[PDB]
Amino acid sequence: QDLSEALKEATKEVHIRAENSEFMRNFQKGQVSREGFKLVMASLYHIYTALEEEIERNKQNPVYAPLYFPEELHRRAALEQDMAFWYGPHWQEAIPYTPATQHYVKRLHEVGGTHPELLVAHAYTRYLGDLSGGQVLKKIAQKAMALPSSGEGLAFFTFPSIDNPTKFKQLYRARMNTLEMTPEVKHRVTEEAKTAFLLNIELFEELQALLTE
């Protein structure tokens, strides 16, 4: 079975559970507010920072290299623009770093530093979602919070180097299928993707509790 398919099948159940996290339900209904949005986006800033440090560490390693798309996909510089927008000029000392965000970042460095053959699972789980549900969430955010169509504060959701997310996702899947694949790597990559999804769910469960505490 192709890696792209194995991953879709392996993660289709937990995707359902992730898209119905309470935080995401509230978000999708349009009950997202500045405070909650700031929290989630600050947490993503740390997550993508760690993911992309690890992509850079492993960019020439053939277990990852065919998925190396910094110009199209990487989110850190976008997140920095967003953090300056939502948190101001001293955002770096303002932004929170939650325990569930730390947990995710920790696993990211373990994968990038020790199990780089699994790094694809983590790039898959975040980037392809950003090009899918992330586009729906962006429209909702804009409406709920009165964000301007010019993009300020939602640079994370904006991919100026990708003309067509659907066609890009297709390119990316096909490229995943060119990685060197053995049953051991395939098994473990799809397991790590389920883990990635759980790390995301845990983040959201946490952020939701913080907002109701």
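Residues carry their position along the shown sequence, with the first being 1. Rigid core (definition): largest C-alpha set, two forms, superposition within 1.5 Å.
The rigid core fit leaves 25 to 33 as the farther-lying stretch in 8 other deposited structures of this protein, judged by Cα positions and set against 173 to 181 and 25 to 33. Relative to the shown model and aligned on the rigid core, the C-alphas in 8 other deposited structures of this protein deviate most, among 94 to 102 and 125 to 133, for 125 to 133. Of the two segments, 116 to 124 and 91 to 99, the one listed with the higher mean B-factor is 91 to 99 (C-alpha atoms only). Higher average CA B factor: 22 to 30, of the stretches 151 to 159 and 22 to 30. Ranked by Cα temperature factor within the chain, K143 sits in the highest third according to the deposited record. Among the modelled residues of its chain, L179 has a C-alpha B-factor that falls in the middle third according to the deposited record. Among all modelled residues in this chain, the alpha-carbon of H46 has a temperature factor (C-alpha) in the lowest third.
Ranked within its chain, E56 lands in the middle third, by CA B factor from the PDB record. The deposited CA B-factor of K38 belongs to the highest third of values across its chain.
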